[PDB]
Amino acid sequence: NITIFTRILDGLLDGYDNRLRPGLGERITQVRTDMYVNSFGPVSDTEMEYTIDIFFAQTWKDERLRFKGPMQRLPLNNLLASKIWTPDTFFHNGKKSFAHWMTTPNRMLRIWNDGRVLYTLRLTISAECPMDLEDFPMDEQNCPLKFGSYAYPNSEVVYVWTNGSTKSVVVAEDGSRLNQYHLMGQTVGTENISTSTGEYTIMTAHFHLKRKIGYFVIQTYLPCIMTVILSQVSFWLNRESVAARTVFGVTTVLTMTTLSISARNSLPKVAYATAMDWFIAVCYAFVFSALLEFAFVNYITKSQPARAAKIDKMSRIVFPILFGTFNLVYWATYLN
Amino acid sequence: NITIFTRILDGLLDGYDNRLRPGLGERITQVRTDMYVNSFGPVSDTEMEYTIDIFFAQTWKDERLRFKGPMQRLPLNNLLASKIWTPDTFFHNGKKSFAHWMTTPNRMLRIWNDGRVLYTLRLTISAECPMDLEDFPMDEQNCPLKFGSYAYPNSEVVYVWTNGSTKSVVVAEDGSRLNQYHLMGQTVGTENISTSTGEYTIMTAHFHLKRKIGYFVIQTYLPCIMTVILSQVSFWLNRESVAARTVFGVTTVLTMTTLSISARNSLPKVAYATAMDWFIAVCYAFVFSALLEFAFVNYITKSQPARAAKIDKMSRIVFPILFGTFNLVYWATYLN
Amino acid sequence: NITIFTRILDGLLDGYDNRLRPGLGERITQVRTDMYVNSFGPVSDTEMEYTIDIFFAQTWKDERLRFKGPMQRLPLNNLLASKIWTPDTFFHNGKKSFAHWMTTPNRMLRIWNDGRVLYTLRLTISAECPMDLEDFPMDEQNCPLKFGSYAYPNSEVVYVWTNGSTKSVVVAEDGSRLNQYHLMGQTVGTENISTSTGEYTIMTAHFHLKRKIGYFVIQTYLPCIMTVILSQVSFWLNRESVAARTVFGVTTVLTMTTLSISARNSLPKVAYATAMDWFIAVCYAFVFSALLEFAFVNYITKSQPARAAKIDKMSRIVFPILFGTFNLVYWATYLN
Amino acid sequence: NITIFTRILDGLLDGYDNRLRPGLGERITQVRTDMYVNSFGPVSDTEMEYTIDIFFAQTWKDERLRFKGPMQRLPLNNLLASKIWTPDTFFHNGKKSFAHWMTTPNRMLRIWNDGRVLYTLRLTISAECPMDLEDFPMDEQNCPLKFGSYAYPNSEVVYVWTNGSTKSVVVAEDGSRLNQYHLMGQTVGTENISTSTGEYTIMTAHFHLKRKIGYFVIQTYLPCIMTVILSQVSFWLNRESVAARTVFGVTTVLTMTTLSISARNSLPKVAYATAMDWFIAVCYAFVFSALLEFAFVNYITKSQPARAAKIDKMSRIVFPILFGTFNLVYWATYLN
Amino acid sequence: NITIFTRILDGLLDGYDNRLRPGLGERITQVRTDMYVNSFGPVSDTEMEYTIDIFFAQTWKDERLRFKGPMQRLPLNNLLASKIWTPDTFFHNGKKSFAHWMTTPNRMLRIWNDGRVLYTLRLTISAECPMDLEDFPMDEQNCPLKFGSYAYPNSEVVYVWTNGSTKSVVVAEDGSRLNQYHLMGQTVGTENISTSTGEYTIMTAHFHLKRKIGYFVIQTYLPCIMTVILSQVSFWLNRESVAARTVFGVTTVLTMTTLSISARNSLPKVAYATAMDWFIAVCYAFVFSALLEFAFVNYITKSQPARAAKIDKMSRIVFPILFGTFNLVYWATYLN
């Protein structure tokens, strides 16, 4: 009974040329692609790359595979995949990709009577996602994914999505979990590119990422805020206690400096100012400014003490007000 | 004499199609799976992955392999494994897996007269274990492991455990050793999933992990506790010694800040508060609060010394009591 | 209809020796090469290596592949690439190179009636780029790329660029993006090398890199500048406040020392002075010099206070002027 | 003349089944194993793994390979290794192993007239060595190495060492060099294991490692010892110099804290106390205790100075004696 | 015309046994080896390994390959390399080696009428170079490289260099560039080794490395020298300024301690004293000694001020002289 299928499989391979695409010199082959994202890999800001695992599926029509039998479908494995012609799809922006072989090469091959062929593949892609870290950490990123033919121009093989955008790409609820990003949604598109060899069709999918804040607040913002408050305490002290107020000014300035170095260790070495950098500079100014006020006061404490006392008392309320006002502008500007 | 076995092996391969599962178009194939964990690999909290080494064994029934001879069993090696049909089992959550080839590919193939087939394989799996580090370090994790068919729907191939749960999965006494976790036990389960291609059966195994405390106590908790005690010593000093008490307040505050940065270097960059973070914040408040008390006292030491002395003496007993009370609540809450 | 192409392909392979180059013992084979750089990889100063991804294309003429048919071109895939003779091109300076295999080996093979053959390949090259970091960070680098034949001397196979330099090598607008470099332009050249085995032709392409400044300014220059300003404040203080001015001198000197160690952590361990190193040394001298001035003043404050006051007041204006003058010379010299 | 050997080699392969072990269904095969360690790889305490390079050799007897000719031995290469039956030996505790292929696969195959077969292989093994770091750094480790059959039970294939223990395993004089360990000696043993599939024979080799001290003395012990001495100097100072003695106490306590964090960075994250940890805690107590003594003295310096002076002078001799006494007990206990 | 070569190639392969060395059972095969080093890889002191890239060439004589034709030479590629017998050369000390495959496996095969065969190969070798870091950083290293046969004893295959030593090994002018080493020269040698399997010939090449100083001077020596000078300034201060001189002593001692920890982070964890370590210890003594002098002076400043002043003034000139004298001895001893 099983032998009936064996004859059908043998017959199809007879007189079959895997080096020739279906409908060669007759028409234009059409391929339908669908994707399912099992998990979104970590995003490496330093290397401008992001990993992703998907189940890429390609469908096309081949008349040479027509057959008749009791079953309309022939589930199979990767053994027969290399015995026929399959598209040479590749990812243009994929720096490094690898497949999964254990326990068995994760591939499927299904054939219908009319000639429809289904070929699903599991892949891990490490693509490149350029970013503009000008509004860091309040930044939105659009990481793309591009794939297409490598040797068949648009006049021979054309890639088109199947059904609507929602069904075209699917992301698992638990897979879309990142430590410092949110996956708002996905979009798809198509475009043509002109190259030296000819014209080719390109399928593009974009992912929208919204960075989540809260890790940097505990890491960088809060230490800066508390350090500024620490310096202001020196004003409430007495002028004659030169040594006491000296410690406050010196220690606070050095504390801000080390935070600036430590903060950018994880951040990519971008050669331009970021929003976080300006916040540190403003905080550095307040602590540095407080030290200057003490030095100026101590320089004139012997000639005109009347004005010196006013400056010492005035700075108590002036500095906190300015620091509070700056924070409202800073957070509001980047959160709106 | 040995030639008798050679003929039997040759006969089975004759007229055998490795591309067709046993009982195709006749019934539903049944597969029994058992696992043995030789060693549980390190758990990477940063990457949310854990490594594991296992001896995966699959058993099924094939009528085409029936044979008769003096021996009821035919021990073999990986050479004959690729000459017949084997299931395309894969791990759904396996990011990266590799096999062992030295000295020889670690695989076995045994055949019985009735047609029973045994196929054991050795694998190293690097799966993903999402975690909710809200009660860190007093947290319990449930790392799963999923595997199933890739091309055969539930209507063709079904996976079921053999015997009870205890025999289904076994973990070595010495293998289940981790630097920062305890392996309390294991559990198994089964479920069905509906996908675009059809319905498939999924076999799931869960591991219960209980993080062991003691490394963080020496690393983070104790330095914070001692630092708080250090600040309280400043109260016993005299008010006029402004410079002396200034050093205590300034140094202690900076000491807590550096610990907060260092502590989270190893921890994953989670964008939410943890139990350990609150403990540091409370400790930071005490040291910061002590500095404020000294500044307030020194500001009124010239007008109303009577109340200033009471505050200085009152803070000696008040602060230790509150700090001790907080610890009992903190540890009791997360240890019950 | 499709069978016509099948016969043509079979005919060419008949009586074809892939071990013999076209025109063996008759003339000298000529090969034309073109390159397209999709993305320029990160430059590792520590390892003196840079990664690059390209689409290498080679063209040559073979009379044995002449054919006649309705189509003048025969698009194909990597399947037929190994059935014929292809050049053994290799990169002389390539420490480690790998190809891309997913989804399919990214290769193309096209044949014309006259015998022209096109063979494009996708590669990732990790070459070596020696650098002279004497004017760091104001330095320009010239990273080369060399390739040629490995077994065919110049008398047999010759490599020559096609068309002008602009068409020979192309770099993508978005691909040429680096965190700490600018890609000004590219150049090409040819040369001959004499070796033990004979004479060979070498094709060389040079890339001009202009390091972008701005990351080191925030990282190293600014902390040094502010630290110097901090020390100068000690002059405005009073001499009798020995402890107060002592803190300024001690803290500033240590601050510069740690920056020197931290700054060179990322930089390669070059055993010679750099421009940045001299800047730190000059800044270290000012802070160290200020401490010496205070010690000298305090040593003679009991014998001849008249001259001590003049030095204290004189240093207020003298030091800032010298520091400002030095910066203009330093920046102008390396920016012109 | 050479053709005589060619016929012999062809004859043996004729009618040879590589899937059947020698003496199948007749007797029990016996295998002799010998090892030579060229170099002992670094021991990773963090990952509890150690690398090793060996020349594994296996010998067995096969009657089917009997031959007659002028030469009693037939040196060969890896080409003929896969044409016959070889044992499926594997390492039970080997997490990851790889072979050497350049210039040629490092394997040998020799055959004698009686049927004796020699098969040597070169391997690199990354095994796991669990450790009990309770007496760290004065700890002794016993890293094992296990190998055996994967599919042939004890009733078919048995592994036994050849000759005495000394000849069984050999370690190169220069290979046994480690940065933080000493290789005292080696031992061998045999045991049987009962599993689900049956009974198997296991060959075990143990290596005795004696950690060498001297790196931690310069790294951790000495800084702690000097820091304790630094605090004692504060006693010789005068009580009225509150600020001076305050600096000694504050700085010393923080210095010990940072050493504790830095010291354990390299050490594995073991969740239990070690001998080194207790030493730091004792040193921390002395420096912390000294600060308490000063605070207590300064609190009563106004009421009863008579007793305050005695405590200040008494602590000068008391503290050094206790610290010296503790060291003798600590070192003697762990060095005996 | 080309067909003439095809027949010659086919004829040689006919009746050719790749499993038998030329002149088997007749004489002893002789092999000539030459090497060319394109680039010397980085030397990893921590792992005691060094990478190297070479073009290894082997030559031998085979009578079975004699042929007659118009051309005396037959350039070829790697395709025919595996069709004949080649030596199983391997590197004894090579921990891990890999070849280059892109664009084509970098191998050559040339044959002459007399039977001379040339076989060149490109390899990357990561060998092991044990070092004795007793005079670090003024140390000279001799990194060897060993290769030989794996299965052919000395009685069958013998390796000998060709021509003089200079032609035997060649190093590129630009390739021999290291960040912290100088390649003075190279040497070659031969030796025999007796093993269990028999006697084998070993070819050895030694490289002489001279570490370049200048990176450690900026990194470790200079900070130590300046720190010592800083402590001496405290002597010029007045005794009554107890707090001022206290800061100098405390800060300097801690500064030296951190440098010792940081300095050895890059250095391998060698368990013995190095020359650099002694320099730090001597520098630590001076700064520590200065603090003791101040404490002793302050202890007797009330009883016998006459002697206290002499010590304070005496130490001003005594300490600089001793420090300068020590440097001359230290540098002269290790630089001669």
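Chains: A, B, C, D and E, in written order; residue numbering restarts at 1 for each.
The working rule: a residue touches a chain if its C-beta (ideal position, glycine included) is under 8 Å from a C-beta of that chain, and two chains touch if they have at least 3 such contacts.
Trainee: Which chains are shared contacts of chain B and chain E?
Mentor: The common neighbours are D.
Trainee: Quick one: how far do you have to rotate chain A to sit on chain E, C-alpha fit, nearest 5 degrees?
Mentor: Value: 145 degrees, nearest 5.
Trainee: Hey, how far is the Cα centre of chain C from the one of chain E, in Å?
Mentor: 25
Trainee: Taking each chain's centre as the mean position of its Cα atoms, how many Å separate chain C from chain D?
Mentor: Spacing between the chain centres: roughly 41 Å.
Trainee: In chain D, which residues are in touch with two or more of the other chains?
Mentor: 243, 247
Trainee: Name the ring's chains in order, please, starting from chain C and stepping to chain E first.
Mentor: Beginning with chain C, then chain E, the ring reads C, E, D, B, A.
Trainee: Under the stated contact criterion, what part of chain A meets chain B in this complex?
Mentor: Of all residues in chain A, those touching chain B are 1-2, 5-6, 9, 34, 36, 38-39, 42, 53, 70-71, 75-80, 100, 102-104, 106-108, 120, 122, 124, 174, 177, 179-180, 212-215, 218-219, 223, 226-227, 230, 233, 236-238, 241, 243-244, 247-248, 251, 255, 262.
Trainee: How about chain C: which of its residues touch chain E in the complex?
Mentor: 17-20, 24-26, 47, 56, 86-92, 94-99, 121, 123, 128, 130, 150-153, 156, 196-197, 242-243, 246-247, 250, 253-254, 257, 260-261, 264, 268-273, 277, 284, 288, 291-292, 295-296, 298-299
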